[PDB]
Structures are given as C-alpha cells and as structure tokens.
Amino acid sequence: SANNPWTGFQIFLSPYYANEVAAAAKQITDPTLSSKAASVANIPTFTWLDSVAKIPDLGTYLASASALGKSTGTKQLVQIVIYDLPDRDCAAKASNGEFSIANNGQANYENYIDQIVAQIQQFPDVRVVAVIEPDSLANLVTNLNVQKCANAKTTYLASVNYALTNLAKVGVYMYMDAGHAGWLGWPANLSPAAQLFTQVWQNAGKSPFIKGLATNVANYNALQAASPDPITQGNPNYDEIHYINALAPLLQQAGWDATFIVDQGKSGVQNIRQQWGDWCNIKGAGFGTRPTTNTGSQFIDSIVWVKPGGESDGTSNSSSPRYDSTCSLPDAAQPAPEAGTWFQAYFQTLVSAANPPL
C-alpha cells in the first residue's frame, strides 16, 4: 500500500529483550557465538501485553521512545501484541491467561483495552503497531468442534472487536492474527477465513488503521521456500507467500485492500517438524530473516519478529498446571520452562542455527 507503518520510523528496541539477550550472551560458552548472540539485542521484537500487569510496561516504553525520538530528531515506533482474551487459546490442552468467560471475562478484557488506550492517548508523537490476539480468530475457522472454542466464539469476536474499535481511536496500526499457511492457508480454509476477517473488519467500522493480518506468529514456516517442507503435503500453499497471495484478493473483493506482516523470528531452519501442527519449542529452530520492509511482496508491509525468540512457548513439565502435551512431542525441545520465560539452551541454538547467519 501507500502507507507502510514502518517507513521513516525508528523501531523502539525492547529493553527487556535486550537485557535477556545480554545476560544470555554471557552464559554462552563459545566466545565467537557470543558476539553474534549479543547483537540480537539490536533486532526489533514485539512486546507481548499478555496480562494487565504488563500495561505499565507499555507506558514506560511509549515515554522512553518519545524521549528518544526528541533526543535523536526521529519518529519512534513501539511494537506490541494484544494477547489477553478470556478463555485464551481455546483449542490448547490446558487453560492459560488471567481472564475467563465465566468470571466477567469480556468486561475485564474491555478494561484491559481501556487501560492500554489510556496509555497510548498520552504519547501521540509515538507510533504504535499492534498484533491483535494470536491464536484466537483462527480457531473460529477450523476449531468450532472444540467445545471451549464454540463456547468462546461470541466472546472472542466481541473482545477483538472492542480492541480494534478502541485502539483505532488512538491511531494504532493493527494487524489481526491470521494463523499461518498450514492453518488457514489450506485452499479450503481461505474462504471461511476471509468471511470471518471481513466481518470483524466491518464490525470495527472498516477503520484505515486496521491494516490487515499478521501470519506465522511464534511459528516456523518459511516466507518463501524453494522446496515444500514434507509436513505440507496436500496443501499447495506450503509457505507464507503462497498463503498471503491466495488470501489477499479475497479481502480486496470486500473493499479491504489488506496488507500483511510475517513473523520470521523462528523460521531460519526449515524441515524440522514431524507434523505441521507441532508448535511448541520445536527443536533445531534458528533465527530467521531479520525484520525488514524489503519483503518482496506487494501484500507484505514487513517481515517482523513477533515472538521474542529465546522465550519459551510453554513448559514440558507435566506436573505444571500449564502443561500442554504438545510441548513434550518428539520434536519439542525438553526440558522447557514456563511460557514467556527465558530458555537459554533454545536461544543458543537459535543463534548457532540462525539463517541468514548473524
């Protein structure tokens, strides 16, 4: 499109990720791997607002970015993930997250959004890009047979709508999570996906700030693959570019000239999964293409690092109440700590296996 949210902006670099990376570079036993590892702190990632407790961090990042913009004469951009739906991750093998549908969950979620908006409202000289609710809407395409998803459908739709409607009022550029090629990119899933995303866009008033969709968040697919990963057999859309090329025209037909962002943080190494749906801490993952607007696709505004690579996808401890057996499959790195916490051994492999090399 004409307006790429990133062009002309300096991304604010997460100080939290930078601190994790610096401490990790100290713990890596090879010295030459260490310089490459340390340089990861200069690579922009998204900050996940995975609880109300993270909202004050958003406020600090906005204020810090603004001051940095004034010091350097630049316009700064803060990258966030909205990730706190009630009954979050409805098709997972355990519950997670602070809000539940049964306990005022939607109303609590609205207040979470209100608190985020109230922060953003105070810092109008900082641009914000938000990924809206990974692992949410995509379940309402393919997983309506999971009873938790069926019973969450109206709440997911209302809560995502509230986020889009109210973040638009403060000019946040938004990309709604849309799974990946192996989830919604199957040709047969493209039409019901478009019907869903278009209805969501319509309900939120078709705001121009609703730019489009985010794909491959926290996942491992190639953007462009010279040969299909064997996990993809049966799906002609074997990488993210095929998925996006196929979905974008369906959105266009509804009057939404949608653009896309693609996570490549954990995509440096292909052909590592037994089954396409295996998502948790896949062994051998490497850091992929660094964030850039030089994407090679009319539809794609940016390659991004949405998941902060090195932070666990979930625990492999079957005694934890947060245990999802996906995190113990033969292709999941084990033992793995709780989601979001630092996974040093996994980071070290992301660095060593980074492609392009760091």
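In case it trips you up, residue 1 is the first one in the sequence shown, and so on.
Between the stretches 168 to 176 and 220 to 228, it is 220 to 228 that shows the larger average CA temperature factor. Averaged over Cα atoms, the B-factor as recorded in the entry is higher for 274 to 282 than for the other of 209 to 217 and 274 to 282. Of the candidates 29, 292, 60, 66, the PDB record gives 29 the highest C-alpha temperature factor. Across 72, 106, 203, 115, the entry's maximum B-factor at the CA atom is seen for 72. In the PDB entry, a CA B factor belonging to the highest third of its chain's modelled residues is recorded for residue 97.
Per the deposited record, the Cα B-factor of residue 302 falls in the lowest third when ranked against the other modelled residues of its chain. Residue 253: CA B factor in the highest third of modelled residues in this chain (values from the PDB entry). In the deposited entry, the Cα temperature factor of residue 1 sits in the top third of values across the chain's modelled residues. Ranked within its chain, residue 262 lands in the lowest third, by CA B factor from the PDB record.
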